[PDB]
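Asks: Can you look at this? It's an experimental structure, sequence on top.
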Amino acid sequence: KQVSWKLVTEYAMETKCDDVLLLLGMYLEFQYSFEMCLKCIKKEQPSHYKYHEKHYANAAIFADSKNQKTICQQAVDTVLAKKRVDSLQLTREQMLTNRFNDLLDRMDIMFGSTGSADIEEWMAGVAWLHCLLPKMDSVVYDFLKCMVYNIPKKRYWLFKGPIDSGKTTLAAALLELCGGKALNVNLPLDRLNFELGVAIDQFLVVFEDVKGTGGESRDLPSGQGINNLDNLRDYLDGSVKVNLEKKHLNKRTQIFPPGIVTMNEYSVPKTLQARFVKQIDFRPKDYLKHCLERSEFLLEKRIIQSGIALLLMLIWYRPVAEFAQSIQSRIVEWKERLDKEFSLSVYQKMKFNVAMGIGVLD
Amino acid sequence: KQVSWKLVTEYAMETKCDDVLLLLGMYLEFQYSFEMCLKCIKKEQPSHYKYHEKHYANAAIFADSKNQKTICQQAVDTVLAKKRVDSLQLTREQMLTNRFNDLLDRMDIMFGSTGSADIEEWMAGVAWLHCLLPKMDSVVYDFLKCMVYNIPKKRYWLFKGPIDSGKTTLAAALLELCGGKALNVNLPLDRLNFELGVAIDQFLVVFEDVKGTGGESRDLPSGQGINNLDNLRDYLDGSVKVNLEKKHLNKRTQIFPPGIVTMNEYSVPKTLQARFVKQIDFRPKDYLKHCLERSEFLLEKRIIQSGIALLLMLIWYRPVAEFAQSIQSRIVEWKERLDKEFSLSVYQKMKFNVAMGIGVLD
Amino acid sequence: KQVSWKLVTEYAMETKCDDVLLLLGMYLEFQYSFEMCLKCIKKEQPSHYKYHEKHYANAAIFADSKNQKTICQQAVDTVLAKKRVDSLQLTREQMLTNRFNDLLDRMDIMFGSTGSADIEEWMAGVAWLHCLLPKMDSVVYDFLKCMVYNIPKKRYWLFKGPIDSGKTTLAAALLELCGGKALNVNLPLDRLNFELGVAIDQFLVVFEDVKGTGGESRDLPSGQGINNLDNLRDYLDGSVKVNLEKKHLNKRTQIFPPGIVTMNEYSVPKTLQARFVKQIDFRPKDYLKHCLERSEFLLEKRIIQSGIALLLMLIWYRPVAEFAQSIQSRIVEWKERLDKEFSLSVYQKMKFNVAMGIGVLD
Amino acid sequence: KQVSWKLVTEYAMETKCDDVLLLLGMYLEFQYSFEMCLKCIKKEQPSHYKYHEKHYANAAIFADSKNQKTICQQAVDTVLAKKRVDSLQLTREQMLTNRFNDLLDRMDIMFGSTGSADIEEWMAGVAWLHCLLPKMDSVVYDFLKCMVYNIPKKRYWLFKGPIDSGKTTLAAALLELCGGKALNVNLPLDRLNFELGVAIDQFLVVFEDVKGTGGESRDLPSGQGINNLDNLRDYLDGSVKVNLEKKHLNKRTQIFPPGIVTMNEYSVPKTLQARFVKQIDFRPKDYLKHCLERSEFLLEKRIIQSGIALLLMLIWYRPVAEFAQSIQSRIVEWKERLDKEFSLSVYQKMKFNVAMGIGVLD
Amino acid sequence: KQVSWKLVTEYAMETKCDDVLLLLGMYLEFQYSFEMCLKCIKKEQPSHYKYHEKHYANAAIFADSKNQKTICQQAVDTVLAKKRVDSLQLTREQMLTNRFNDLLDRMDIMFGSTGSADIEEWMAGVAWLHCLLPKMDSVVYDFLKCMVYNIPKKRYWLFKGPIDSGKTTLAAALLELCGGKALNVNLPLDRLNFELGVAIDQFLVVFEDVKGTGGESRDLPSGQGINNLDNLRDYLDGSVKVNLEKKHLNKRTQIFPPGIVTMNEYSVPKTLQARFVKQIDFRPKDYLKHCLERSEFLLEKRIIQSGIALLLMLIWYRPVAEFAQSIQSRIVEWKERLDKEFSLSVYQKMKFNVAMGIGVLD
Ligand SMILES: [Zn+2]
Ligand SMILES: [Zn+2]
Ligand SMILES: [Zn+2]
Ligand SMILES: [Zn+2]
Ligand SMILES: [Zn+2]
């Protein structure tokens, strides 16, 4: 008869769905009666069971509509349109909070009665991660203030370390905790703009394993990253705007995003060094290594490189007033859940274990 | 009057047809009275003789529509919308089971009333395959678990061996048993990424015949494939996601898929070797070659390279509960079939014939 | 019923919105009863809280339209149609005044009731800037007349100096004060034209840090930029029109725009030198650097690189009749504002503080 | 209600408007009542005030139309269609006359009561230009006959001279007087077709500053123009047609346009020299130089390089019967205006001045 | 009311108009009352004054249509649909006759009541041409039969000679007499195919000035054209079909067309020589050059390079039955015309004048 384009757009907006084919796929499942809906009955997908009923009617009509694709388009352009609006109107903190709400959205599910996640294992992760660096929760917190504040010449951290030293792991967790893209600058000085363009509208950036020509004896490859980074002093300290290339042209003109530079121990030009407001040296630690050997589940379930592991660390160490007013009530909610589940002594034993190199859950 | 776009879509989703021109051409065959259709009477194509009846009416109206291709476009987009949903909602074991179910549909027809396949020649294929490697049936089960469990740093197998040793054959059947694309890393470090993008949305990948440097004294061409793999540690052990490309622009981001590397015996760098959790050395065997010389059908009919020969082996060796609940009813059904046609001593003789290199069927 | 495409276009032309997705997303915010809109009550975004009322009705009908993007496309095309007319019908002084009027709208909000800007920190910016160069305020007026008069062979200024001398900062504020793109001539003689096309329809251009040959003994990278400029005598002094490119094909033909060349102290060919009607030598000064060291806000808040700091200086120094009639009413309005908040002795002390290198605000 | 697509097309055709965005922009201004139209009241734009009234009604409806863009398209295709018709049907003289009418169209405005042009200054231009070469008006006239006659092997003039010798100026004026494009052939023998394609449908062409390898001692660069010109003998003498490349393919097949070759004093191969029916040597003259020094307005208002300066010279020296019947009445109109404004003696003093090197208006 | 798309198509097919913008612009001229059309009264363009009457009505309705270009698109597509049919259904002799009929339509106007052509100057062209080669009129008939018979290994003629010997001229007229494109094989072995694709659907091809290696001692530039031709034995003698390209992808497959190779006297490989069934050596002659020196019109009006001069020669020399039946009525008609204006002794004197090198018309 007459399908509602606005009812579909609603579904898209509340699913943060920007995929046309995916939107279409999702919506066509609601055409069946939800009465004997197994997907709902078995609560296998939030993006499904939480909306099937309110959409049955519409979906059933959608199923007999001649331009399903076109309808989905507008619903998607609406989501992309909202994302274009937040880009130009939200403060970075508001940005960071939406990110947090999302990661939290997952946690409710992962750790929910339907999820498969073992919260004990994810708290074994906080403990391990908390042994990777001194005052790690204060370290994570600062990075955040740094990223949110995005202040000229004080927005880049340098993670310098060997290999299997932690930098890659922590940068990965931080990357996921804040949102953002990793970038490879060890490339042809001309096939560079290509990658730099990936930074467009990204909250923070991570230049992974930058390599330098200088240095070779100690077994480190060549690469031109360090060389290139030094030619991007304007993108790094962000005093003025910059033009980014994507789609094979000149799209956005913006302040280049703040972030991290993961490095393997080369010689860094003073002109480049001056670009980083903080530098962390990661040195391999035996107990941390053995510990993993005996705590396989940490690597096997990709827990220590999860920004979710880092969001749990903040909720577990940090005070509520440190979060954005808007989210606090949801954090408190979690603290209580977490404080009802683990005693400080249990957690402390976990760190003690990581310390003696024997797997957190012993 | 008014063509039912819905029905056409139903046929598309039932035939799993993702090709617009292929769908169009097939639906239009139904426009003729089935009350005489020889294609149906003679049961020529299941994709036809199982839907002609139900679709005559609507197909008859279809052939008189002024925009049949637009209709098929939506039927197809719907098929792709589903393949997109399952791409994110289904678990790997479910992905595997769907593959399985699809191979069984193929088997139902091959060995059915209106089919050509000679099941005796296909068990001969299993017999030959179960002589190629020790505990071969445990190897395939193991491989399947490795691929489904998809655990960081334990997702790749390395098949090494001269030409005509069997790694290519098993690697092919394995590919078809699981679904997935083969890739070629023997390209210029810049042509790589295009290829690596092929793995997008894939279950598993097979790096076909990687070439190394060193060994040209033993008559082996120097290539950069090995060298590239060592620069793909990220992709191989997949501890964190990665960005894949196509259409000359970035598409999906994900955990590179797990898989196999087929190699010809070049020396391997210890850093690369470490990415393989398992290595299988193939050596050409005389009796196996002699067996084929006296059993041409195994090659001419491409049986020992077929993933169906591997699904068949599983059904023949493996215990029903080792399969997913959902599919067991269909498996027990095939075991019975098989058991009712082949005794253990008969199958046992085939293996004996291969051992003596004379002709599985002698 | 029937969405009013006209109204949507009116909003677009009033918001000066040339982005389709940005327009769509914003108009759709109005679909909610303003009789409660917190975005309005809290006066979050002027682009919203000044039109929600007037557009509720129509936006409410808009959200129920089956082709919102097509509507926005026309709204946008209309905005571009105007930017195209003024491109040919407006005089340079009018072009400049429009720029000015736009910077004042930005200032009205920055220093308004619902804004963050700290005007005291912005006059401190002016104080620091009026110490960077002698008779700085006469320099900006001069520059503006040069740019508006746009006279052949008297349209370019050359800023020379080491790094951190101030040419980059002034050149940035100047750019933003006038509008226009920066270009990079440090490219292969064939990659040039693409870049040169960027200047199309622009008011002025800024050739950022051109590099020469000679001087590598003083630690300066050899580049071909200078060399290229000498091959662009036509563009620089613009006595006759030129053909500019984009989209990989020839577009507009015109007088290349006037502008600035920022350079690092390479020797200049007498033929090139002649194209510059004015040259400004920047030398890093100690007190100015010390001033910033004790006045972080000037950098962290990007004040001394802002074109607003220059418009602010003009308003503070220049006589009202030196502006275009049309804009004077708005200028006198700002002078009063300023005069009512800062006495000459206060502003005079700031300049004194910079001289002593201690903190404009001490 | 029902907008008139033909009324908009009229507007486009009488504005010679081929710009869609521009057409749209122009037309949308007529939607407002012309009663209090300031643009009209102030007569600021002919393309506006001369048509606002006859279009009010239509424009007001156009403003509420849903496909303004589409309407404008057809109106533009109509103008492009008319231009395609004149290409294949007008004699070159008719072509040259339309050009003249247009330049005249401007003159009425420049020198009208609304324009800003000083006719005395533009007559100072004729005088100066008339001192650049002997019998200059007869020279200009001939060139025209040459260009209009476009006769095999008698269609190319060679302007050979140093620098700041006049050739560039006169070629620029001639270029504008007749219509046409400038071309750079000092390029890669393969990136040549690119430029040559610009000549498509052009009335005449000008190869600016062709450079030759031969010659270097006298301080002249290298370049490959002379080299290339010699490989285009077929494009130059135009005995037979040629294929031009634009849009990155093979568009038009036509007789290559006639024109000028501006050169800097290299060695010209006899085979190339034979390509030019006339050759003019320009040698720097002191009085002409000083004169400009004292007659800045000539260069500052881009008067001496204007084809308009050259159209004024013909109207002032040449007899009416020398013009096309169609335009004569309009020229006579101008002669009278000019003869009413300046006495032969006043003009002669102007030349005398240029002769004594002291600025024409002394 | 309702524009007649059919009529517009009829005009297109009658005008043979395959250009959309050209059709649009022309049909729109008919929208004015023909009851006054000066273009008609003055008989300016046959494409106009022969259809204005019949199309006023419909063209008047056309100018008020909301999608004129869409209408013209179909008119054109229809013209191309016909050119496509005849491309496969017509015989070569018919292809040739159509060409002929088209050249006669051109001649009917050139030498008609409302035309400029001076037939006496065109017979002078024939006289000059019939002195360029012995039995010239038999040569053209021969060539035509060769081209129409299109027999494997007997389809190509080779014109050899210095510059200004006549091969270029005859080869040009021959091209225009038959229709077909010229191609340039003096390209890099990889750029070849693009060019070779030009010959698609063509009647004949002319390989313009092929260059060889050897002879640089006689002042002849080394090129790879000859070398390429030797690698095109397949194309040249066409015993079997070939694949031709365009739009950066494979199009038509066919017998490469027959044609001429114009060469400058480079040595030829015996394998290449064999592909030419006929060779014509041109040597510059003094009397012929002197004739032109005293008969400028032959060059200035491009007469001796015109295919019309060759059709004219045929009509003047050849017996009526040597033409196709269908066209004979029109040929006898031209013979009479000619016979009624030129006596044999008059034409004979022209040939005598050329022999003495004095001016065909003396
Ligand atoms: Zn459901
Ligand atoms: Zn059937
Ligand atoms: Zn609001
Ligand atoms: Zn007006
Ligand atoms: Zn007419």
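Replies: Good, I have the coordinates. Numbering: from 1, shown residues only, chains lettered A, B, ... in the order given. Ligands and ions are numbered 1, 2, ... in the order given.
Asks: contacts and neighbour counts: CA atoms only from here.
Replies: Noted.
Asks: Walking through the stretch 151-300 of chain A, point out its helices one by one.
Replies: Ranges of helices within the stretch 151-300 of chain A are A:167-178, A:192-196, A:225-229, A:233-236, A:270-273, A:286-294, A:297-300, based on DSSP state H, counting those that start in this stretch.
Asks: Would you tell me which of those gets closest to chain B?
Replies: helix A:297-300 (5.8 Å; C-alpha to the nearest C-alpha).
Asks: Nearest to residue C:162, out of the helices of the stretch 151-300 of chain A?
Replies: In terms of C-alpha to C-alpha, the element of the helices of the stretch 151-300 of chain A nearest to residue C:162 is helix A:270-273, at 14.4 Å.
Asks: right, and residue A:18 touches residue A:83 too?
Replies: No. With contact defined as C-alpha atoms under 8 Å, residue A:18 does not count as touching residue A:83 (9.7 Å).
Asks: re the thing from before, reformat the helices of the stretch 151-300 of chain A as TSV; add distance to residue E:11 and mean neighbour count.
Replies: Listed next are these as TSV, based on distance: least, C-alpha to C-alpha, whole Å; neighbours: other C-alpha atoms under 10 Å in any protein chain shown:
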stretch	distance to residue E:11	mean neighbour count
helix A:167-178	67	23
helix A:192-196	52	18
helix A:225-229	64	22
helix A:233-236	62	19
helix A:270-273	72	13
helix A:286-294	84	17
helix A:297-300	76	18
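Asks: Tell me which of those helices lies nearest to residue E:79.
Replies: With C-alpha to C-alpha as the criterion, residue E:79 lies closest to helix A:192-196 of those, at 45.9 Å.
Asks: does chain C sit close to that closest one?
Replies: No. Using C-alpha under 8 Å from any C-alpha of the partner chain, we find that helix A:192-196 stays clear of chain C, coming within 13.6 Å at best.
Asks: now the strands: where do they sit in chain A?
Replies: Along chain A, the stretches classed as strands by DSSP state E are A:156-160, A:181-183, A:205-210, A:242-246, A:249-254, A:259-263, A:278-281.
Asks: Can you get me a residue count around the residue in the stretch 101-250 of chain A positioned nearest to ligand 2?
Replies: For the stretch 101-250 of chain A and ligand 2, the shortest gap (C-alpha to the ion) falls at residue A:114, measuring 46.4 Å. Neighbour count of residue A:114, defined by other C-alpha atoms under 10 Å in any protein chain shown: 13.
Asks: mind listing what it touches?
Replies: By C-alpha atoms under 8 Å, 6 or more residues apart in numbering or on different chains, the contact list for residue A:114 reads A:43-44.
Asks: Now do it against ligand 1, distance only.
Replies: 16 Å (C-alpha to the ion, to the nearest Å).
Asks: Equivalent analysis for residue A:206, please.
Replies: 40 Å.
Asks: again with residue A:21
Replies: Taking C-alpha to the ion, one finds residue A:21 at 19 Å from ligand 1.
Asks: how close does that residue get to ligand 5?
Replies: Taken as C-alpha to the ion, the span from residue A:21 to ligand 5 is 56 Å.
Asks: still on that earlier bit, phi, psi of the residue of the stretch 101-250 of chain A closest to ligand 2?
Replies: phi -100, psi -30 (degrees, to the nearest 10).
Asks: can you tell me how far it sits from residue A:40?
Replies: Going from residue A:114 to residue A:40 by C-alpha to C-alpha, to the nearest Å gives 12 Å.
Asks: distance of the closest residue to chain E within the stretch 201-350 of chain A from residue C:103?
Replies: Closest to chain E within the stretch 201-350 of chain A is residue A:248: 20.8 Å, counting by C-alpha to the nearest C-alpha. Plainly put, residue A:248 is 32 Å away from residue C:103 if you go by C-alpha to C-alpha.
Asks: More neighbours: which of those two?
Replies: Using other C-alpha under 10 Å as the criterion, residue A:248 and residue C:103 rank with residue C:103 on top: 18 against 11.
Asks: per the record, what domains does chain A have?
Replies: Split into domains by curated CATH domains, chain A comes to A:1-90, A:91-131+A:285-361, A:132-284.
Asks: end to end, how far does the longest one reach?
Replies: End-to-end distance for domain A:132-284: 9 Å, by C-alpha to C-alpha.
Asks: ok, now which ones touch residue A:129?
Replies: The neighbours of residue A:129, taking C-alpha under 8 Å, 6+ apart as the test, are A:136, A:304.
Asks: can you tell me how far it sits from residue E:145?
Replies: 90 Å.
Asks: Stretch A:280-291 near chain B at all?
Replies: No. Counting by C-alpha under 8 Å from any C-alpha, chain B has no neighbours in stretch A:280-291; the shortest distance is 15.3 Å.
Asks: Could you say which one of the helices of the stretch 151-300 of chain A comes nearest to residue E:275?
Replies: Of all those, it is helix A:192-196 that lies closest to residue E:275, at 51.7 Å by C-alpha to C-alpha.
Asks: List the neighbours of the closest one that are in contact with it.
Replies: A:183-185, A:244-246, A:248.
Asks: neighbour-wise, which of those residues leads?
Replies: residue A:185 (25 neighbours).
Asks: right, and it touches residue A:207 too?
Replies: Yes. Between residue A:185 and residue A:207 there is a contact at 6.9 Å, judged by C-alpha under 8 Å.
Asks: So which bits of chain A are right by ligand 1?
Replies: By the rule C-alpha under 5 Å from the ion, the part of chain A lying against ligand 1 is A:34, A:37, A:40.
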